[PDB]
Structures are given as C-alpha cells and as structure tokens.
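Report on the structure given below.
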Amino acid sequence: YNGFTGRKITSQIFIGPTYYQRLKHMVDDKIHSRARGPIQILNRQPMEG
Amino acid sequence: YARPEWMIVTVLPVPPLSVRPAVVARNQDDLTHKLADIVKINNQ
RNA sequence: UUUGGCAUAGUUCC
C-alpha cells in the first residue's frame, strides 16, 4: 500500500530479507570546501589535501 | 641577444632565496647543497 | 595564528 495516500499500489512489489553491508565510505569523512585558506611555500599556491 | 661565446659558462648565476627556500631545524635544498659543493671546488 | 619535505603501500571513481 502507498504510504502517503493509503491506496494499493497497482503493481505488486518484490520484498524480502536480504543481507546488506555498510561500507567504510561515509560522507562526513569526504565533505570538503575551501575559500582562501592556507597556501604552499614554494609556489604560493593553495595547499594539497 | 645570443653571442656564441656566451654559451661557455664562466660566471654562474645563483638563484635567489625564493627559488631555493629554507625549510623549517633548518634544512638546505638540493640546489643549495649543489651550490655549496660547486663553490667549494671553485675556491679549491 | 600559525604552516616541514621525500619515498612506498592501499582504496574510491570513470
């Protein structure tokens, strides 16, 4: 059945218990932004990393 | 702009301290080490 | 409110 409206969904859905895994790759360890931060020494360009 | 005899190096330019910066314990670059060796041999 | 570098290994995405 549909969640918002309560009406049956016309097509029957394939549902059952499958074994899932949570991989190491999260988003809190990947989000990154910069606006005028630290700067390299030899080239005076922005740092790397 | 390019006279033929000038291609024989008799005066060696030394790059400024910006081209070969010091390292922060103070470390000298590969260019600085080679320059020191060259001037050692030259004065000897 | 101040700034290390070289190398090697592994991983993500086409």
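Just so we're on the same page: first chain in the structure tokens is A, next is B, and so on; residues restart at 1 for each chain, and ligands are numbered from 1 in the order they show up.
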
| Neighbours of residue 3 of chain C within 9 Å (only C-alpha atoms (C1' of nucleotides); same-chain residues fewer than 4 positions away dropped), as a PyMOL selection string? | chain A and resi 38-41

Mind dumping a table of every chain B residue within 12 Å of chain C, with the nearest atom pair and its distance in Å to one decimal, using only C-alpha atoms (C1' of nucleotides), sorted by chain and rising number, as JSON lines?
{"residue": "B:21", "atom": "CA", "partner": "C:5", "partner_atom": "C1'", "distance": 11.6}
{"residue": "B:22", "atom": "CA", "partner": "C:4", "partner_atom": "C1'", "distance": 10.1}
{"residue": "B:23", "atom": "CA", "partner": "C:4", "partner_atom": "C1'", "distance": 6.5}
{"residue": "B:24", "atom": "CA", "partner": "C:4", "partner_atom": "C1'", "distance": 5.8}
{"residue": "B:25", "atom": "CA", "partner": "C:4", "partner_atom": "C1'", "distance": 9.4}
{"residue": "B:26", "atom": "CA", "partner": "C:4", "partner_atom": "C1'", "distance": 9.7}
{"residue": "B:27", "atom": "CA", "partner": "C:4", "partner_atom": "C1'", "distance": 9.4}
{"residue": "B:28", "atom": "CA", "partner": "C:5", "partner_atom": "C1'", "distance": 11.0}
{"residue": "B:29", "atom": "CA", "partner": "C:5", "partner_atom": "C1'", "distance": 9.8}
{"residue": "B:30", "atom": "CA", "partner": "C:5", "partner_atom": "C1'", "distance": 11.6}

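Pairwise distance (atom CA of residue 8 of chain B, atom CA of residue 43 of chain B) equals 19.4 Å.
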
| field | Residues of chain B in helix (DSSP H, G or I), written as a PyMOL selection string | value | chain B and resi 4-7+30-43

Tell me as a PDB file with N, CA and C atoms, in the first residue's frame which residues belonging to chain B come within 9 Å of chain A, counting only C-alpha atoms.
ATOM      1  N   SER B  18      64.319  32.862  -2.770  1.00  0.00           N
ATOM      2  CA  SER B  18      62.949  32.455  -3.049  1.00  0.00           C
ATOM      3  C   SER B  18      62.902  31.186  -3.892  1.00  0.00           C
ATOM      4  N   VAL B  19      63.831  31.041  -4.838  1.00  0.00           N
ATOM      5  CA  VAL B  19      63.859  29.843  -5.668  1.00  0.00           C
ATOM      6  C   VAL B  19      64.228  28.620  -4.844  1.00  0.00           C
ATOM      7  N   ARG B  20      65.103  28.783  -3.847  1.00  0.00           N
ATOM      8  CA  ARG B  20      65.577  27.689  -3.005  1.00  0.00           C
ATOM      9  C   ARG B  20      65.311  28.054  -1.549  1.00  0.00           C
ATOM     10  N   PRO B  21      64.065  27.947  -1.099  1.00  0.00           N
ATOM     11  CA  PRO B  21      63.727  28.395   0.253  1.00  0.00           C
ATOM     12  C   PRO B  21      64.318  27.481   1.312  1.00  0.00           C
TER      13      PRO B  21
END
